[PDB]
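**Student:** Please find one structure pasted underneath; my questions will follow.
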Amino acid sequence: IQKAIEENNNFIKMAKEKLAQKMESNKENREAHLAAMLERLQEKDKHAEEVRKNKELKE
Amino acid sequence: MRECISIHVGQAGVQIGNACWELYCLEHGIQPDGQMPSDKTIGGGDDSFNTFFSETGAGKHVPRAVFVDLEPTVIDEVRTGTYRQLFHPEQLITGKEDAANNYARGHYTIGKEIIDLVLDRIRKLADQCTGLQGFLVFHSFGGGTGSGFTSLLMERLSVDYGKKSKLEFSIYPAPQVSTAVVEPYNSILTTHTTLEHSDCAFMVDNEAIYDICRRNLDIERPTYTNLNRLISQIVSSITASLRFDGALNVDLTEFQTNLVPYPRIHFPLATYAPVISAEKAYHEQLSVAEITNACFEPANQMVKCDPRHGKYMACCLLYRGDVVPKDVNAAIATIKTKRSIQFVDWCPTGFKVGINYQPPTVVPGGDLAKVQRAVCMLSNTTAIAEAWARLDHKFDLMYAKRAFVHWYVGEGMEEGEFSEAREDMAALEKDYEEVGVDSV
Amino acid sequence: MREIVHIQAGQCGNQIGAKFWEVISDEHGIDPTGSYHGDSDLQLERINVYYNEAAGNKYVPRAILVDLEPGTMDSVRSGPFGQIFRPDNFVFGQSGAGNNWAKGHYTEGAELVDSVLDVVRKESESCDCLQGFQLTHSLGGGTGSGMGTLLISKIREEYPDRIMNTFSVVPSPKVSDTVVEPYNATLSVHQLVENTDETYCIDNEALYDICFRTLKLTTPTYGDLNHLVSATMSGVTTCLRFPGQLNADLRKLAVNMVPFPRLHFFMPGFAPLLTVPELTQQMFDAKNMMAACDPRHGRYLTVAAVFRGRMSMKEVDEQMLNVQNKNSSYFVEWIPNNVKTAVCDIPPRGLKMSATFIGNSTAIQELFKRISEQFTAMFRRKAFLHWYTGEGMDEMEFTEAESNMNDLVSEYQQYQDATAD
Ligand SMILES: Nc1nc2c(ncn2[C@@H]2O[C@H](COP(=O)(O)OP(=O)(O)OP(=O)(O)O)[C@@H](O)[C@H]2O)c(=O)[nH]1
Ligand SMILES: Nc1nc2c(ncn2[C@@H]2O[C@H](COP(=O)(O)OP(=O)(O)O)[C@@H](O)[C@H]2O)c(=O)[nH]1
Ligand SMILES: Nc1nc(NCc2ccc3c(c2)OCO3)cc(-c2cccc3[nH]ccc23)n1
Ligand SMILES: [Ca+2]
Ligand SMILES: [Mg+2]
Ligand SMILES: [Mg+2]
């Protein structure tokens, strides 16, 4: 009866740790994808500023 | 006691839920307002139908059920429809934005925002049980919610209710009826992620249901309503042993013992008879023998595969209606002398038989004839692995090009989950091969 | 509860936008005042996708109108239905862009973009659950092509998780002789490859050839081209506007149609320009495509077919299977079940039966080759480059845009040549 209790608890434990690891890893990956996209858009805003300056300093 | 909680996930799960609960109401004489005049014990009882319905002090009989979808329009039809009074509003749970046919959104991005609420409502149902037996989970393989949220939920249920039994009714995708190209991805991801968390899963191949509706009901182009009414007849046959009393009734759990020789080998093939129109049923009474013979005709299977090219590991027959053992035994004797029924060598060949005398019911205005007697066979056959093969092949075709994979990666999944799931399916196909080999 | 925000930019964008709103307002029984005068609840069941409800049971398009030329603001407002649009949703500049992409994207358009975003944000804030955005514009002018892609980039910054869809009118010498058109299109395509989920390539080449050869119009006007465009766009939004059975949103459609993020440029088609077999055969005919591409010179990654009118769903299913079986070589074998079908009971005006086609075909590379050739013809002589460098742009940006569009071509070719075995 103790072995049975232990096996049920180990199944609960391992599923809890696997789920938590997956959800954390997923959160980190999603946030990194959005941060890379935003960083590319910020590089665009930087390039648009360098364009507007080039145009100002052409005059 | 020993109650059962039903959970209906995504569009297909919800709509099958609607067909199933409507049918249960008709079988037990429960009106759409929830009243049951034949039930003389007000507000409680330990009648067989209380495994699926609780009772309020006001005499309302309330499904032990949760409906969950990540968008609202299907469950909104339940909220406004004929049976809106059957369900407490807290049993009908909806988000605002669906999983867009993307497992990753149902399991992570959107699913994470509603999982705790869903668990709280399920907990509310469980606390009303004096001896909860387990869960029935209704969902498609192919939708974003039915795949990913169902997987998430199964994992959390294993945490919160331990080894408490969990059964699935799983809608297997077919190109013939409203499909998404990425459905094979979602199917492999959910089968992989749910495999260790499910004790028994009844797969329903939409192509099989579609063919049966066309061939036997003379329906040119079956709708979800036709398919779900038939599916509900199969579900009702399976749960009838839990919902009715009787001396020849045989518990579903007792069949489950026989249907599942190893934890992973837990996918029974369902076959149902008779599926016949009213026009063809007239002046043609189908006997125990005729319906039992039908059970071994592959055109009546719920999953397309050929049991004639595999081996049986179990074979149960669940009869309902005007059926006595004598006619069952004569029919089985005939089938044993006439058909290609080969068992693996490590398991006895006896068929397990249950009978329920409550007769089959049909929904009014339906396309199914009312019959005096019906039968559902549940067999554990290696041939069902063919359905995995078909699905695995479609997965491989797409995954070799990474087609559509960016939709999953963008929601936070990694390719490693794709290849892990696919390898788990490869090992499953190998298991089904190994169990069919003969002993030393 | 499933709101789409619509944006139209520049002369072309505003013209085809107006025709689109005319056509769908008619389909929903909405008159120019915004009153419902239809006969059927199916017209109103998904009205909120495109229309807000205002006081008095008024339906107001969820529509933003953008140009650097304010004469189009007047022409839209007096055009048929001009009062239906929200007056605060008109956002107009002063001096035009002169077919100069850099004015639209970097200087004048940058100046106006914030007021455009203010209107976008006010519309979005009141959405129950915004699904995303559709933009109508041409790629050959200055305002729509440059400023529209600016708006796309800024929306993506503020709504990175919403779908961005364009209807992009690709230039042709048969309709405009403006010599700088290929620069504006290449510079725009470079943006679109990165920042949209789906782009319908509506090719003025194909629309001209349809009006001339098939419809027998000796002198095609913009009105005749836009009649075809509006019929296509009505067809392609039919499934989200009348649902019937299909339960979808822009993201689920995109997920079904876009197998690789860069390869999201679709060929629209329409038939007729009649049995179901005839519709089906014609809809797959090169002559019915709204992009001047032969789909038999490539392979379909994905296809959506939308049938409108009263017809047998059995017969439609049988014919779609027949066309796939008889044309199997034109569908890549490694995406199973890549052809999707919708049926809407409500036909468009003046037809009993019609078909709208959306193809994700590698033959779209022929469009990109065409534009690419014209780009190079000028870029190899640096012709007209001072128009752009004078706004601060470097040649390097032109080199990169050319290189990215050529990469897109090569990728379409790679997937055309790929095999399962
Ligand atoms: N048998 C049957 N299958 C259905 C039904 N409704 C949908 N399906 C199948 O389910 C799959 C589509 O998944 P859905 O259940 O609609 O998707 P979902 O769970 O709502 O997930 P998302 O909508 O993507 O968020 C396809 O294979 C459909 O054919 C139904 O009522 N009966
Ligand atoms: N099909 C179609 N094409 C148009 C229409 N109006 C303009 N065009 C095309 O659009 C290009 C000119 O760009 P335009 O949008 O008018 O410039 P802008 O509005 O100032 O940004 C030319 O290549 C024309 O061929 C129209 O109503 N229909
Ligand atoms: N990607 C894609 N496909 C479309 N075709 C029809 C279709 C029907 C049933 C389907 C299906 C596709 O795929 C799964 O089942 C339309 C669109 C669209 C684009 C931009 C704006 C839009 N406003 C309304 C619609 C829409 N976008
Ligand atoms: Ca007869
Ligand atoms: Mg759904
Ligand atoms: Mg201009």
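Following the order of the structure tokens, chains are lettered A, B, ..., residues in each are numbered from 1, and ligands are numbered from 1.
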Residues of chain B were defined as contacting chain C if any atom lay at most 8 Å from it, counting only C-alpha atoms; please report them as a ChimeraX atom specification.
**Tutor:** /B:96-97,99-102,175,179-182,220-221,394,397-398,401,403-407
**Student:** Keeping N, CA and C atoms for every residue in the selection just given, could you write it to a file as a PDB file, in the first residue's frame?
**Tutor:**
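Printed below is out00.pdb as written:
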```
ATOM      1  N   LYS B  96     -12.709  34.871 -25.394  1.00  0.00           N
ATOM      2  CA  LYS B  96     -13.087  35.830 -26.427  1.00  0.00           C
ATOM      3  C   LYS B  96     -12.487  35.547 -27.798  1.00  0.00           C
ATOM      4  N   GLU B  97     -11.398  34.789 -27.873  1.00  0.00           N
ATOM      5  CA  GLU B  97     -10.597  34.655 -29.081  1.00  0.00           C
ATOM      6  C   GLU B  97     -10.158  33.198 -29.109  1.00  0.00           C
ATOM      7  N   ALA B  99      -8.336  29.497 -30.711  1.00  0.00           N
ATOM      8  CA  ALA B  99      -6.976  29.058 -30.962  1.00  0.00           C
ATOM      9  C   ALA B  99      -6.608  29.036 -32.434  1.00  0.00           C
ATOM     10  N   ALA B 100      -7.510  29.474 -33.314  1.00  0.00           N
ATOM     11  CA  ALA B 100      -7.209  29.600 -34.746  1.00  0.00           C
ATOM     12  C   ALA B 100      -6.560  28.335 -35.316  1.00  0.00           C
ATOM     13  N   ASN B 101      -7.076  27.162 -34.922  1.00  0.00           N
ATOM     14  CA  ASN B 101      -6.579  25.876 -35.427  1.00  0.00           C
ATOM     15  C   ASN B 101      -5.118  25.656 -35.070  1.00  0.00           C
ATOM     16  N   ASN B 102      -4.675  26.198 -33.945  1.00  0.00           N
ATOM     17  CA  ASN B 102      -3.264  26.189 -33.581  1.00  0.00           C
ATOM     18  C   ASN B 102      -3.183  25.602 -32.176  1.00  0.00           C
ATOM     19  N   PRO B 175     -10.405  14.681 -44.304  1.00  0.00           N
ATOM     20  CA  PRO B 175     -10.433  15.745 -45.324  1.00  0.00           C
ATOM     21  C   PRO B 175     -11.814  15.967 -45.918  1.00  0.00           C
ATOM     22  N   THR B 179     -12.019  20.644 -42.957  1.00  0.00           N
ATOM     23  CA  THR B 179     -10.721  20.386 -42.358  1.00  0.00           C
ATOM     24  C   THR B 179      -9.765  21.548 -42.604  1.00  0.00           C
ATOM     25  N   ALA B 180      -8.776  21.607 -41.725  1.00  0.00           N
ATOM     26  CA  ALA B 180      -7.636  22.505 -41.756  1.00  0.00           C
ATOM     27  C   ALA B 180      -6.418  21.681 -42.167  1.00  0.00           C
ATOM     28  N   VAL B 181      -5.535  22.281 -42.959  1.00  0.00           N
ATOM     29  CA  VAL B 181      -4.326  21.567 -43.339  1.00  0.00           C
ATOM     30  C   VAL B 181      -3.476  21.233 -42.126  1.00  0.00           C
ATOM     31  N   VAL B 182      -3.496  22.051 -41.073  1.00  0.00           N
ATOM     32  CA  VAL B 182      -2.569  21.728 -39.989  1.00  0.00           C
ATOM     33  C   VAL B 182      -3.159  20.705 -39.016  1.00  0.00           C
ATOM     34  N   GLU B 220     -27.349  12.793 -48.628  1.00  0.00           N
ATOM     35  CA  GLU B 220     -26.411  13.160 -49.695  1.00  0.00           C
ATOM     36  C   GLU B 220     -25.182  13.870 -49.139  1.00  0.00           C
ATOM     37  N   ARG B 221     -25.390  14.826 -48.231  1.00  0.00           N
ATOM     38  CA  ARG B 221     -24.301  15.629 -47.675  1.00  0.00           C
ATOM     39  C   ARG B 221     -24.563  15.841 -46.191  1.00  0.00           C
ATOM     40  N   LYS B 394       0.674  12.049 -43.047  1.00  0.00           N
ATOM     41  CA  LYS B 394       0.396  13.431 -43.404  1.00  0.00           C
ATOM     42  C   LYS B 394       1.287  14.383 -42.619  1.00  0.00           C
ATOM     43  N   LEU B 397       4.694  14.545 -44.247  1.00  0.00           N
ATOM     44  CA  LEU B 397       4.783  15.221 -45.529  1.00  0.00           C
ATOM     45  C   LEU B 397       4.999  16.702 -45.291  1.00  0.00           C
ATOM     46  N   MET B 398       4.214  17.267 -44.386  1.00  0.00           N
ATOM     47  CA  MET B 398       4.330  18.678 -44.060  1.00  0.00           C
ATOM     48  C   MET B 398       5.604  18.995 -43.274  1.00  0.00           C
ATOM     49  N   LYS B 401       9.051  19.847 -44.840  1.00  0.00           N
ATOM     50  CA  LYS B 401       9.242  21.215 -45.320  1.00  0.00           C
ATOM     51  C   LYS B 401       9.059  22.270 -44.235  1.00  0.00           C
ATOM     52  N   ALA B 403       6.300  23.153 -43.180  1.00  0.00           N
ATOM     53  CA  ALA B 403       5.153  23.941 -43.598  1.00  0.00           C
ATOM     54  C   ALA B 403       4.264  24.244 -42.399  1.00  0.00           C
ATOM     55  N   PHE B 404       3.871  25.510 -42.262  1.00  0.00           N
ATOM     56  CA  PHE B 404       2.995  26.024 -41.210  1.00  0.00           C
ATOM     57  C   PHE B 404       3.640  26.014 -39.830  1.00  0.00           C
ATOM     58  N   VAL B 405       4.855  25.474 -39.685  1.00  0.00           N
ATOM     59  CA  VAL B 405       5.462  25.320 -38.363  1.00  0.00           C
ATOM     60  C   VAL B 405       5.695  26.675 -37.695  1.00  0.00           C
ATOM     61  N   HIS B 406       5.993  27.710 -38.493  1.00  0.00           N
ATOM     62  CA  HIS B 406       6.192  29.057 -37.955  1.00  0.00           C
ATOM     63  C   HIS B 406       4.995  29.556 -37.152  1.00  0.00           C
ATOM     64  N   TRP B 407       3.776  29.113 -37.483  1.00  0.00           N
ATOM     65  CA  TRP B 407       2.613  29.516 -36.689  1.00  0.00           C
ATOM     66  C   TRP B 407       2.724  28.984 -35.265  1.00  0.00           C
TER      67      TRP B 407
END
```
**Student:** Just the strand (DSSP E) stuff from segment 34-78 of chain C, please, per backbone DSSP, written as a ChimeraX atom specification.
**Tutor:** /C:51-54,58-61,63-67
**Student:** As a PyMOL selection string, please: the residues near segment 14-26 of chain A (cut-off 8 Å, only C-alpha atoms, same-chain neighbours under 2 positions excluded).
**Tutor:** (chain A and resi 10-12+28-30) or (chain B and resi 108+155-156+158-159+411-413)
**Student:** Please check which protein, DNA or RNA residues sit within 12 Å of ligand 5, counting only C-alpha atoms and all ligand atoms, and write them as a ChimeraX atom specification.
**Tutor:** /B:9-15,68-76,94-103,105-106,139-140,142-149 /C:245-249,251-252
**Student:** I want to know what sits within 8 Å of residue 79 of chain B, based on only C-alpha atoms, with residues of the same chain fewer than 4 positions away left out; could you give that as an mmCIF file with N, CA and C atoms, in the first residue's frame?
**Tutor:**
```
data_model
loop_
_atom_site.group_PDB
_atom_site.id
_atom_site.type_symbol
_atom_site.label_atom_id
_atom_site.label_comp_id
_atom_site.auth_asym_id
_atom_site.auth_seq_id
_atom_site.Cartn_x
_atom_site.Cartn_y
_atom_site.Cartn_z
ATOM 1 N N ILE B 75 -20.945 27.910 -27.776
ATOM 2 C CA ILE B 75 -21.518 27.812 -26.452
ATOM 3 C C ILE B 75 -22.633 28.847 -26.302
ATOM 4 N N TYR B 83 -32.079 23.832 -24.605
ATOM 5 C CA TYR B 83 -31.691 23.252 -23.328
ATOM 6 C C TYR B 83 -30.951 24.254 -22.442
ATOM 7 N N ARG B 84 -31.099 25.550 -22.722
ATOM 8 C CA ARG B 84 -30.440 26.573 -21.915
ATOM 9 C C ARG B 84 -30.785 26.463 -20.431
ATOM 10 N N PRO B 89 -25.390 28.517 -15.510
ATOM 11 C CA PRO B 89 -24.462 29.352 -16.299
ATOM 12 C C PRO B 89 -22.981 29.157 -16.013
ATOM 13 N N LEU B 92 -20.979 26.806 -18.277
ATOM 14 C CA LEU B 92 -20.735 27.138 -19.677
ATOM 15 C C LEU B 92 -19.678 28.241 -19.720
#
```
**Student:** Excluding same-chain residues fewer than 4 positions from segment 302-309 of chain B, what lies within 7 Å of it counting only C-alpha atoms, as number ranges by chain?
**Tutor:** B: 203-205, 208-209, 269-271, 298, 340, 381, 383-384, 386-387
**Student:** Just want the 8 Å neighbourhood of residue 225 of chain C, counted on only C-alpha atoms, with same-chain residues fewer than 2 positions away dropped. Output as a PyMOL selection string.
**Tutor:** chain C and resi 204+207-208+211+220-223+227-229
**Student:** Mind pulling up the distance from atom CA of residue 233 of chain B to atom CA of residue 263 of chain B?
**Tutor:**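 Those two atoms sit 26.9 Å apart.
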**Student:** Hey, what's within 10 Å of residue 58 of chain B if we count only C-alpha atoms and toss same-chain stuff fewer than 5 positions away? As a PyMOL selection string, please?
**Tutor:** chain B and resi 34-35+42-43
**Student:** Can you check which residues of segment 130-182 of chain B DSSP gives as alpha helix (DSSP H) on the backbone and send them as an mmCIF file with C-alpha atoms, in the first residue's frame?
**Tutor:**
```cif
data_model
loop_
_atom_site.group_PDB
_atom_site.id
_atom_site.type_symbol
_atom_site.label_atom_id
_atom_site.label_comp_id
_atom_site.auth_asym_id
_atom_site.auth_seq_id
_atom_site.Cartn_x
_atom_site.Cartn_y
_atom_site.Cartn_z
ATOM 1 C CA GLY B 144 -6.726 24.519 -31.710
ATOM 2 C CA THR B 150 -7.614 19.521 -23.988
ATOM 3 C CA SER B 151 -3.976 18.466 -23.579
ATOM 4 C CA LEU B 152 -3.377 21.214 -21.002
ATOM 5 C CA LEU B 153 -6.543 20.243 -19.138
ATOM 6 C CA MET B 154 -5.684 16.544 -19.088
ATOM 7 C CA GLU B 155 -2.257 17.353 -17.612
ATOM 8 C CA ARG B 156 -3.814 19.549 -14.937
ATOM 9 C CA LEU B 157 -6.471 16.956 -14.135
ATOM 10 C CA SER B 158 -3.761 14.339 -13.609
ATOM 11 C CA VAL B 159 -2.195 16.764 -11.124
ATOM 12 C CA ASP B 160 -5.417 17.646 -9.304
ATOM 13 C CA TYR B 161 -7.208 14.238 -9.296
#
```
**Student:** For chain A, which residue out of C:155, C:320, C:169, C:187 is the nearest one, using only C-alpha atoms?
**Tutor:**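 Distance minimum relative to chain A lands on C:155.
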**Student:** May I ask you to extract the residues of chain A within 6 Å of chain C, using only C-alpha atoms, and to give them as a list in words?
**Tutor:**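 Therefore, the residues near the partner are residues 51, 54 and 55 of chain A.
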